[PDB]
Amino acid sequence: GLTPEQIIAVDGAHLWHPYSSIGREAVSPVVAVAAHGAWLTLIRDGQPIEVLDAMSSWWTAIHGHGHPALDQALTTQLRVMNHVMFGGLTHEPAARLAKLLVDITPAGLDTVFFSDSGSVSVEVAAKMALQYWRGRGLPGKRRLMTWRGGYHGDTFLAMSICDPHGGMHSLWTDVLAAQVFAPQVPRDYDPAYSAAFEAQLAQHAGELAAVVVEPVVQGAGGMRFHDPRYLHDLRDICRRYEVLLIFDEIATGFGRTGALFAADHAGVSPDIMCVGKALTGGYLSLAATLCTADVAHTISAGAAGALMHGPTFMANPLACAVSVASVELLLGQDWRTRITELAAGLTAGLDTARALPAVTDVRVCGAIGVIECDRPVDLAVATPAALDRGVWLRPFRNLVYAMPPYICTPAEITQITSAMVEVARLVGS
């Protein structure tokens, strides 16, 4: 047992936080004491208050926290089998989830490699790509190409394809692998951009294993949207120059952008696909990398004879079982209508912010709404402002944005957007 003041003291002395310091934090983290449905209970001024989880706890809690169908799924699997090692053994949660995932992902993705986090699945995807070409007799095809503004995780190979500014690649001189970056993909469809991308790829094609991109929505590198037709062009470019196509859908997966997977907006299939954040409905760390049969078999007929990867908790029965329920719960409802209503709620709620002086853009894609500002957002002001309106918001750089749980009612969206609009109002003054 610990009181919130003891939690804060232990935290200050011993807990790293994401991209944080020890002992140089501008403001203490806020003690969370509960989380239920779309709502978190936080400690402000020593008192518990309920606020909306407008971030879905970093894209994860698509069905809300403590959903009874996913609680029960975890409690049911807990009674039979917490976990078994996946070396030499298999089980029902893994098979059911793999069945579900191959069926609902874009066509052609037939095999599923489970891991523990999104960064790992990305490295698994890269390893798949590199082993694929070795099994084709082309070990020179070993670099990655991407477009600027992306984000793919914090492990060192993943870092190498993150946006060089967002990723502070200047601080990693002579450390990261040197990958090929095309310019920032634009919002509106411009075929000249795809032509330029093709030309740059063409001169690297013989050393490129793969193109890796987030489809439609670029999350942590800047909450930028692009026309899905760009994905159509990458597919055709990759096919023509014999470079594999990897879609990182770790933030876009499972309905978040209006389609079940963002690749579906373009009607295109990658050779390799990563999923993660929402996979367990925000309960537990789990990820997966999927590839075509051709990739699977080429790796397996490779001289190495196998994919050299195997996380200790691979295909954890507890995380697979809740993920099964999370996916079935999503497919078991009219999810497409649900996201459309959420998008319309966000569009209506944030429209006020366009006319505000400090706002350069307001954009919505499925259950994602963004207010882009003309200067950094001072969190020391934005966080108390949103809390006083009962909304948990976490701006970064010049972005005030939300990815709310799918269960948010119209009133809760209106509360979330009103808080975002007000945060943007204070950016001016």
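We number the residues from 1 along the sequence you see.
Undergrad: Taking the recorded C-alpha temperature factors, which stretch has the higher mean, 159-167 or 349-357?
TA: According to the entry, 349-357 carries the higher average C-alpha B-factor.
Undergrad: May I ask you to compare 104-112 and 272-280 by their mean CA B factor in the entry and name the higher one?
TA: The stretch with the larger average C-alpha B-factor is 104-112.
Undergrad: Going by the CA temperature factor in the entry, name the top one among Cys320, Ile246, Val216, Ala304.
TA: Most elevated C-alpha B-factor of the set, per the entry: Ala304.
Undergrad: Say you rank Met128, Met223, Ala98, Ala343 by Cα B-factor from the PDB entry; which sits at the top?
TA: Result of the comparison over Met128, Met223, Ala98, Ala343: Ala343.
Undergrad: Thinking about Cα B factors across the chain, which third does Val381 belong to?
TA: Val381: CA B-factor falls in the highest third of its chain.
Undergrad: Split the chain's modelled residues into thirds by Cα B-factor; is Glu412 in the lowest, middle or highest one?
TA: According to the entry, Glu412 has a C-alpha B-factor in the chain's middle third.
Undergrad: By its CA B factor, does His17 count among the lowest, middle or highest third of the modelled residues in the chain?
TA: It falls in the bottom third of the chain.
Undergrad: Is the Cα B-factor recorded for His63 in the lowest, middle or highest third of its chain?
TA: It belongs to the lowest third of the chain when residues are ordered by C-alpha B-factor.
Undergrad: Based on the entry's values, in what third of the chain does the Cα temperature factor of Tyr230 lie: lowest, middle or highest?
TA: It belongs to the middle third of the chain when residues are ordered by C-alpha B-factor.
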